[PDB]
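Colleague: Pasting my_file.cif below, which is mmCIF, N, CA and C atoms.
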data_final
loop_
_atom_site.label_atom_id
_atom_site.label_comp_id
_atom_site.auth_asym_id
_atom_site.auth_seq_id
_atom_site.Cartn_x
_atom_site.Cartn_y
_atom_site.Cartn_z
N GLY A 1 19.59 15.83 22.68
CA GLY A 1 20.65 15.99 21.69
C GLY A 1 20.14 16.73 20.45
N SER A 2 20.21 16.05 19.32
CA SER A 2 19.76 16.63 18.07
C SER A 2 20.57 17.90 17.76
N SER A 3 21.49 17.76 16.82
CA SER A 3 22.33 18.89 16.43
C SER A 3 22.43 18.95 14.90
N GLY A 4 22.94 17.87 14.33
CA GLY A 4 23.09 17.79 12.89
C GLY A 4 21.92 17.04 12.25
N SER A 5 21.24 17.73 11.34
CA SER A 5 20.11 17.14 10.66
C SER A 5 20.59 16.34 9.44
N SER A 6 20.02 15.15 9.30
CA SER A 6 20.38 14.28 8.19
C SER A 6 19.16 14.05 7.29
N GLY A 7 18.92 15.02 6.42
CA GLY A 7 17.80 14.94 5.49
C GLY A 7 16.60 15.72 6.02
N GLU A 8 15.80 16.22 5.09
CA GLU A 8 14.62 16.99 5.44
C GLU A 8 13.58 16.91 4.33
N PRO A 9 12.29 17.03 4.74
CA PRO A 9 11.19 16.97 3.79
C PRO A 9 11.09 18.26 2.98
N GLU A 10 10.44 18.16 1.83
CA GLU A 10 10.27 19.31 0.96
C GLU A 10 8.80 19.73 0.92
N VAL A 11 8.57 20.99 1.25
CA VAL A 11 7.22 21.53 1.25
C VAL A 11 6.64 21.45 -0.16
N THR A 12 5.37 21.82 -0.27
CA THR A 12 4.69 21.80 -1.55
C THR A 12 3.44 22.68 -1.51
N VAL A 13 3.10 23.22 -2.66
CA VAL A 13 1.93 24.08 -2.77
C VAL A 13 0.89 23.41 -3.67
N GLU A 14 -0.37 23.65 -3.34
CA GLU A 14 -1.47 23.07 -4.10
C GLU A 14 -2.29 24.18 -4.76
N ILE A 15 -2.55 23.99 -6.04
CA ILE A 15 -3.33 24.96 -6.80
C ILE A 15 -4.82 24.74 -6.53
N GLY A 16 -5.58 25.82 -6.66
CA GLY A 16 -7.01 25.75 -6.44
C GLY A 16 -7.35 26.02 -4.97
N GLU A 17 -6.40 25.72 -4.11
CA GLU A 17 -6.58 25.92 -2.68
C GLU A 17 -6.20 27.35 -2.30
N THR A 18 -6.63 27.75 -1.11
CA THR A 18 -6.34 29.08 -0.61
C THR A 18 -5.28 29.02 0.49
N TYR A 19 -4.38 30.00 0.46
CA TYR A 19 -3.32 30.07 1.44
C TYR A 19 -3.18 31.49 2.00
N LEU A 20 -2.52 31.57 3.15
CA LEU A 20 -2.32 32.86 3.79
C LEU A 20 -1.06 33.52 3.22
N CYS A 21 -1.27 34.64 2.56
CA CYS A 21 -0.17 35.38 1.96
C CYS A 21 0.18 36.55 2.88
N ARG A 22 1.47 36.65 3.19
CA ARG A 22 1.94 37.72 4.06
C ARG A 22 1.53 39.08 3.50
N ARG A 23 1.49 40.06 4.38
CA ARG A 23 1.12 41.41 3.99
C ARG A 23 2.04 42.43 4.66
N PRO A 24 2.23 43.58 3.96
CA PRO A 24 3.08 44.64 4.48
C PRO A 24 2.38 45.40 5.61
N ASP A 25 1.95 44.65 6.61
CA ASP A 25 1.27 45.24 7.75
C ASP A 25 1.30 44.26 8.93
N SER A 26 2.34 43.44 8.94
CA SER A 26 2.50 42.45 10.00
C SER A 26 1.23 41.62 10.13
N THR A 27 0.68 41.24 8.99
CA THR A 27 -0.53 40.44 8.96
C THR A 27 -0.51 39.47 7.78
N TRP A 28 -1.55 38.66 7.71
CA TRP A 28 -1.67 37.68 6.64
C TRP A 28 -3.06 37.81 6.03
N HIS A 29 -3.13 37.58 4.72
CA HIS A 29 -4.40 37.67 4.01
C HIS A 29 -4.53 36.48 3.06
N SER A 30 -5.66 35.80 3.16
CA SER A 30 -5.92 34.65 2.32
C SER A 30 -5.70 35.01 0.85
N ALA A 31 -5.43 33.99 0.05
CA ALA A 31 -5.20 34.19 -1.37
C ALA A 31 -5.26 32.84 -2.08
N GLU A 32 -6.18 32.75 -3.04
CA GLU A 32 -6.35 31.53 -3.80
C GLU A 32 -5.18 31.34 -4.78
N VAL A 33 -4.66 30.12 -4.80
CA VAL A 33 -3.55 29.80 -5.68
C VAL A 33 -4.08 29.53 -7.09
N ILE A 34 -3.82 30.48 -7.98
CA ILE A 34 -4.26 30.36 -9.36
C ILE A 34 -3.46 29.25 -10.05
N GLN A 35 -2.15 29.43 -10.08
CA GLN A 35 -1.27 28.46 -10.70
C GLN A 35 0.11 28.49 -10.03
N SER A 36 1.04 27.76 -10.64
CA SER A 36 2.39 27.70 -10.11
C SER A 36 3.40 27.82 -11.26
N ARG A 37 4.51 28.48 -10.96
CA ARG A 37 5.55 28.67 -11.95
C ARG A 37 6.92 28.73 -11.27
N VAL A 38 7.94 28.36 -12.04
CA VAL A 38 9.30 28.37 -11.53
C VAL A 38 10.17 29.26 -12.41
N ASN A 39 11.10 29.95 -11.77
CA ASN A 39 12.00 30.84 -12.49
C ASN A 39 13.34 30.13 -12.72
N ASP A 40 13.76 30.12 -13.98
CA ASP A 40 15.01 29.48 -14.34
C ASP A 40 16.15 30.50 -14.25
N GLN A 41 15.89 31.68 -14.80
CA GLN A 41 16.88 32.75 -14.78
C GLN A 41 17.24 33.11 -13.34
N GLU A 42 16.21 33.25 -12.52
CA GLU A 42 16.40 33.59 -11.12
C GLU A 42 16.68 32.33 -10.30
N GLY A 43 15.93 31.29 -10.60
CA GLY A 43 16.09 30.03 -9.90
C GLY A 43 15.27 30.01 -8.60
N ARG A 44 14.00 30.35 -8.74
CA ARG A 44 13.10 30.38 -7.60
C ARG A 44 11.69 29.96 -8.01
N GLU A 45 10.82 29.85 -7.02
CA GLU A 45 9.45 29.45 -7.27
C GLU A 45 8.51 30.64 -7.07
N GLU A 46 7.40 30.60 -7.79
CA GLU A 46 6.41 31.67 -7.70
C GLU A 46 5.01 31.11 -7.95
N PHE A 47 4.09 31.50 -7.07
CA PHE A 47 2.72 31.05 -7.19
C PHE A 47 1.76 32.23 -7.32
N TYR A 48 0.99 32.21 -8.40
CA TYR A 48 0.04 33.27 -8.66
C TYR A 48 -1.18 33.16 -7.74
N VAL A 49 -1.11 33.87 -6.62
CA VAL A 49 -2.19 33.85 -5.66
C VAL A 49 -3.10 35.06 -5.89
N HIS A 50 -4.38 34.86 -5.63
CA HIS A 50 -5.36 35.91 -5.81
C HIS A 50 -5.97 36.29 -4.46
N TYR A 51 -5.83 37.55 -4.11
CA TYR A 51 -6.36 38.05 -2.85
C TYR A 51 -7.88 38.22 -2.92
N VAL A 52 -8.58 37.25 -2.36
CA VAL A 52 -10.04 37.29 -2.36
C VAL A 52 -10.52 38.24 -1.27
N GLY A 53 -10.17 39.51 -1.44
CA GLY A 53 -10.55 40.53 -0.48
C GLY A 53 -9.54 41.68 -0.46
N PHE A 54 -9.43 42.35 -1.59
CA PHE A 54 -8.50 43.46 -1.72
C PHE A 54 -8.79 44.28 -2.97
N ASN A 55 -8.43 43.71 -4.11
CA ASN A 55 -8.65 44.38 -5.39
C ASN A 55 -8.55 43.35 -6.52
N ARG A 56 -9.11 43.73 -7.66
CA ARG A 56 -9.09 42.85 -8.82
C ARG A 56 -7.88 43.17 -9.70
N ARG A 57 -7.31 44.34 -9.48
CA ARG A 57 -6.15 44.77 -10.24
C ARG A 57 -4.86 44.36 -9.53
N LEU A 58 -4.95 43.23 -8.83
CA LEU A 58 -3.81 42.72 -8.10
C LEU A 58 -3.36 41.39 -8.73
N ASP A 59 -3.67 40.31 -8.03
CA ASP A 59 -3.31 38.99 -8.51
C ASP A 59 -1.86 39.00 -8.99
N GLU A 60 -0.97 38.64 -8.07
CA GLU A 60 0.45 38.61 -8.38
C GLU A 60 1.09 37.33 -7.83
N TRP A 61 2.26 37.02 -8.35
CA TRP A 61 2.98 35.83 -7.92
C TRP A 61 3.56 36.11 -6.53
N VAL A 62 3.70 35.04 -5.76
CA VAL A 62 4.24 35.15 -4.41
C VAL A 62 5.31 34.07 -4.21
N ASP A 63 5.86 34.07 -3.00
CA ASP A 63 6.89 33.10 -2.66
C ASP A 63 6.35 32.13 -1.61
N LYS A 64 6.87 30.91 -1.65
CA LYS A 64 6.45 29.89 -0.70
C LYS A 64 6.51 30.46 0.72
N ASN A 65 7.65 31.05 1.04
CA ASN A 65 7.85 31.63 2.35
C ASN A 65 6.73 32.64 2.63
N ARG A 66 6.49 33.49 1.65
CA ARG A 66 5.45 34.51 1.77
C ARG A 66 4.11 33.85 2.10
N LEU A 67 3.99 32.59 1.72
CA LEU A 67 2.77 31.84 1.97
C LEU A 67 2.88 31.12 3.31
N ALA A 68 1.78 30.49 3.70
CA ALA A 68 1.74 29.76 4.96
C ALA A 68 1.75 28.26 4.67
N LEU A 69 2.90 27.65 4.92
CA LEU A 69 3.06 26.22 4.69
C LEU A 69 3.26 25.52 6.03
N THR A 70 2.19 24.91 6.52
CA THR A 70 2.24 24.20 7.79
C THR A 70 2.39 25.19 8.95
N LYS A 71 2.03 24.72 10.13
CA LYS A 71 2.12 25.55 11.32
C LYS A 71 3.53 26.13 11.43
N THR A 72 4.47 25.44 10.80
CA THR A 72 5.85 25.88 10.82
C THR A 72 5.93 27.41 10.70
N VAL A 73 5.23 27.92 9.70
CA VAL A 73 5.21 29.36 9.46
C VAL A 73 3.77 29.87 9.56
N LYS A 74 3.63 31.02 10.20
CA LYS A 74 2.32 31.62 10.37
C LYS A 74 2.45 32.88 11.24
N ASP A 75 1.32 33.55 11.42
CA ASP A 75 1.30 34.77 12.22
C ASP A 75 1.71 34.44 13.66
N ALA A 76 1.08 33.41 14.20
CA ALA A 76 1.37 32.98 15.56
C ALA A 76 0.56 31.72 15.88
N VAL A 77 1.28 30.70 16.34
CA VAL A 77 0.64 29.44 16.68
C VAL A 77 0.27 29.45 18.17
N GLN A 78 -0.22 30.60 18.61
CA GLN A 78 -0.61 30.75 20.01
C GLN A 78 -1.93 30.02 20.27
N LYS A 79 -2.94 30.40 19.50
CA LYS A 79 -4.25 29.79 19.64
C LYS A 79 -4.35 28.59 18.70
N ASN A 80 -4.49 28.90 17.41
CA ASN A 80 -4.60 27.86 16.40
C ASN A 80 -5.89 27.07 16.63
N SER A 81 -6.86 27.30 15.76
CA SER A 81 -8.14 26.62 15.86
C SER A 81 -8.58 26.14 14.47
N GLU A 82 -8.52 24.83 14.29
CA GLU A 82 -8.91 24.23 13.03
C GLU A 82 -9.30 22.76 13.23
N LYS A 83 -10.18 22.29 12.36
CA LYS A 83 -10.65 20.92 12.44
C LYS A 83 -9.56 19.99 11.91
N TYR A 84 -9.92 18.72 11.78
CA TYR A 84 -8.99 17.72 11.28
C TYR A 84 -9.49 17.10 9.97
N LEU A 85 -8.59 16.38 9.32
CA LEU A 85 -8.92 15.74 8.06
C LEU A 85 -10.35 15.21 8.13
N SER A 86 -11.16 15.65 7.17
CA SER A 86 -12.55 15.23 7.11
C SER A 86 -12.77 14.32 5.90
N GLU A 87 -12.50 13.04 6.11
CA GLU A 87 -12.66 12.06 5.05
C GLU A 87 -12.74 10.65 5.64
N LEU A 88 -13.84 9.98 5.32
CA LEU A 88 -14.06 8.63 5.81
C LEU A 88 -14.56 7.75 4.66
N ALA A 89 -14.01 6.55 4.60
CA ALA A 89 -14.39 5.60 3.56
C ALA A 89 -13.75 4.24 3.85
N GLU A 90 -13.97 3.31 2.93
CA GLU A 90 -13.42 1.98 3.07
C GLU A 90 -11.90 2.00 2.88
N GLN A 91 -11.20 2.01 4.00
CA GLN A 91 -9.75 2.04 3.97
C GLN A 91 -9.21 0.77 3.30
N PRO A 92 -8.02 0.92 2.66
CA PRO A 92 -7.39 -0.19 1.98
C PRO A 92 -6.77 -1.17 2.98
N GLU A 93 -7.38 -2.34 3.07
CA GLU A 93 -6.90 -3.37 3.98
C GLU A 93 -7.48 -4.73 3.59
N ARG A 94 -6.61 -5.58 3.07
CA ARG A 94 -7.02 -6.92 2.66
C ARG A 94 -5.84 -7.88 2.71
N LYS A 95 -6.16 -9.16 2.84
CA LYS A 95 -5.13 -10.18 2.91
C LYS A 95 -5.80 -11.56 2.88
N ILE A 96 -6.23 -11.95 1.69
CA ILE A 96 -6.88 -13.24 1.51
C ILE A 96 -5.88 -14.35 1.83
N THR A 97 -6.41 -15.57 1.91
CA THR A 97 -5.58 -16.73 2.20
C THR A 97 -6.36 -18.02 1.93
N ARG A 98 -5.60 -19.09 1.73
CA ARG A 98 -6.20 -20.39 1.46
C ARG A 98 -5.11 -21.44 1.24
N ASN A 99 -5.51 -22.69 1.40
CA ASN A 99 -4.58 -23.80 1.23
C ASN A 99 -5.27 -25.11 1.61
N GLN A 100 -4.83 -26.18 0.97
CA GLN A 100 -5.40 -27.49 1.24
C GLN A 100 -4.62 -28.57 0.47
N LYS A 101 -4.81 -29.81 0.91
CA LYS A 101 -4.13 -30.93 0.28
C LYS A 101 -4.64 -32.23 0.89
N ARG A 102 -4.24 -33.34 0.28
CA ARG A 102 -4.64 -34.65 0.76
C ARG A 102 -3.99 -35.74 -0.09
N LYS A 103 -3.69 -36.85 0.57
CA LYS A 103 -3.07 -37.98 -0.11
C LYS A 103 -3.38 -39.27 0.65
N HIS A 104 -3.60 -40.33 -0.11
CA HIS A 104 -3.92 -41.62 0.48
C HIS A 104 -3.45 -42.74 -0.46
N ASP A 105 -3.38 -43.94 0.10
CA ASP A 105 -2.95 -45.09 -0.67
C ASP A 105 -3.07 -46.35 0.19
N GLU A 106 -2.95 -47.49 -0.46
CA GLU A 106 -3.04 -48.77 0.23
C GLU A 106 -2.32 -49.86 -0.56
N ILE A 107 -1.59 -50.69 0.16
CA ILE A 107 -0.85 -51.77 -0.46
C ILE A 107 -1.80 -52.93 -0.77
N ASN A 108 -1.25 -53.96 -1.39
CA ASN A 108 -2.04 -55.12 -1.75
C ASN A 108 -1.12 -56.21 -2.29
N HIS A 109 -1.59 -57.45 -2.20
CA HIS A 109 -0.82 -58.58 -2.67
C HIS A 109 -1.66 -59.85 -2.58
N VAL A 110 -1.20 -60.89 -3.27
CA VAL A 110 -1.90 -62.16 -3.28
C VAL A 110 -0.88 -63.30 -3.31
N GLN A 111 -1.24 -64.39 -2.66
CA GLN A 111 -0.37 -65.56 -2.61
C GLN A 111 -1.20 -66.84 -2.51
N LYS A 112 -0.60 -67.93 -2.95
CA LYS A 112 -1.27 -69.22 -2.92
C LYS A 112 -0.26 -70.32 -3.24
N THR A 113 -0.48 -71.48 -2.65
CA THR A 113 0.40 -72.62 -2.86
C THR A 113 -0.39 -73.93 -2.77
N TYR A 114 0.24 -75.00 -3.22
CA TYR A 114 -0.38 -76.31 -3.19
C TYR A 114 0.66 -77.41 -3.00
N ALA A 115 0.17 -78.64 -2.92
CA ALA A 115 1.04 -79.79 -2.73
C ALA A 115 0.52 -80.96 -3.56
N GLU A 116 1.45 -81.77 -4.03
CA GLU A 116 1.10 -82.93 -4.83
C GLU A 116 1.09 -84.20 -3.97
N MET A 117 -0.07 -84.83 -3.92
CA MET A 117 -0.23 -86.04 -3.13
C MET A 117 -0.13 -87.29 -4.02
N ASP A 118 0.05 -88.43 -3.37
CA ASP A 118 0.16 -89.69 -4.09
C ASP A 118 -1.21 -90.06 -4.66
N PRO A 119 -1.18 -90.66 -5.88
CA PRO A 119 -2.40 -91.07 -6.55
C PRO A 119 -2.97 -92.34 -5.91
N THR A 120 -2.29 -93.44 -6.16
CA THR A 120 -2.71 -94.72 -5.62
C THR A 120 -1.58 -95.75 -5.71
N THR A 121 -1.53 -96.62 -4.71
CA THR A 121 -0.50 -97.65 -4.67
C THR A 121 -1.04 -98.91 -4.00
N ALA A 122 -0.40 -100.03 -4.31
CA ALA A 122 -0.80 -101.31 -3.74
C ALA A 122 0.17 -102.39 -4.20
N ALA A 123 -0.08 -103.61 -3.74
CA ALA A 123 0.76 -104.73 -4.09
C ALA A 123 -0.06 -105.75 -4.88
N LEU A 124 0.56 -106.90 -5.13
CA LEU A 124 -0.10 -107.96 -5.88
C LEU A 124 -0.43 -109.11 -4.93
N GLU A 125 0.27 -110.22 -5.12
CA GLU A 125 0.06 -111.39 -4.30
C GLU A 125 0.92 -112.56 -4.80
N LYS A 126 1.82 -113.01 -3.94
CA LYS A 126 2.70 -114.11 -4.29
C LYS A 126 2.04 -115.43 -3.90
N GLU A 127 2.50 -116.49 -4.55
CA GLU A 127 1.96 -117.82 -4.28
C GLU A 127 2.88 -118.89 -4.86
N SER A 128 2.57 -120.13 -4.52
CA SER A 128 3.36 -121.26 -5.00
C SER A 128 2.63 -122.57 -4.70
N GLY A 129 3.20 -123.65 -5.21
CA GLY A 129 2.62 -124.97 -5.00
C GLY A 129 3.67 -126.07 -5.21
N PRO A 130 3.47 -127.20 -4.48
CA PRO A 130 4.38 -128.32 -4.58
C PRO A 130 4.17 -129.09 -5.88
N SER A 131 4.86 -130.22 -5.99
CA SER A 131 4.75 -131.05 -7.17
C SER A 131 4.52 -132.51 -6.77
N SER A 132 5.45 -133.03 -5.98
CA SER A 132 5.35 -134.40 -5.52
C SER A 132 3.92 -134.71 -5.07
N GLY A 133 3.63 -135.99 -4.97
CA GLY A 133 2.30 -136.43 -4.55
C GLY A 133 1.23 -135.89 -5.49
#
Please, can you express the file's structure as structure tokens?
Modeller:
Amino acid sequence: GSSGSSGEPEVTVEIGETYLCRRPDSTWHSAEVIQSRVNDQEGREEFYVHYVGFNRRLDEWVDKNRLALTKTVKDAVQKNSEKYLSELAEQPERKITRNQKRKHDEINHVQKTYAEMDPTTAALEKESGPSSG
């Protein structure tokens, strides 16, 4: 499928780096990006590239298209021979963690009882006597 595009990325140019600038000879020639500027009156972009292999009385602004931005544009992606990103270091990756807890307890109680006993008890002694005789 794929017919209607819904959004697209925006290219970008980097200063200090070298790019392939088109030439009026069906060819491309490297050119260091001096700086970058935008036209308000015209409403376009322009990058002052320097042809490191032509003349010193050159150095002129160019257009993004005129430059080589991604394999997308180039002389021909028939062969294409280049290395890959050359950068290795401690990649950003971390995720600490921790947790703990504890709880304890114990019931308690006391009880006691008593009883009251008898102290002491007893009787006396009855008696009697006659009279006659």
Colleague: For residue 68 of chain A, please output as number ranges by chain all residues within 8 Å (counting only N, CA and C atoms; exclusion window: fewer than 3 positions along the same chain).
Modeller: A: 18-22, 63-65, 71-75
Colleague: For the atom pair atom CA of residue 78 of chain A and atom CA of residue 23 of chain A, what is the interatomic distance in Å to one decimal place?
Modeller: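 Result for atom CA of residue 78 of chain A versus atom CA of residue 23 of chain A: 19.3 Å, one decimal.
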Colleague: Atom C of residue 33 of chain A to atom N of residue 61 of chain A: how many Å, to one decimal?
Modeller: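 Those two atoms sit 9.9 Å apart.
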Colleague: So what does the PyMOL selection byres (((chain A and resi 50 and name CA) around 7) and name CA) actually pick up in this one, as a count of residues only?
Modeller: 10
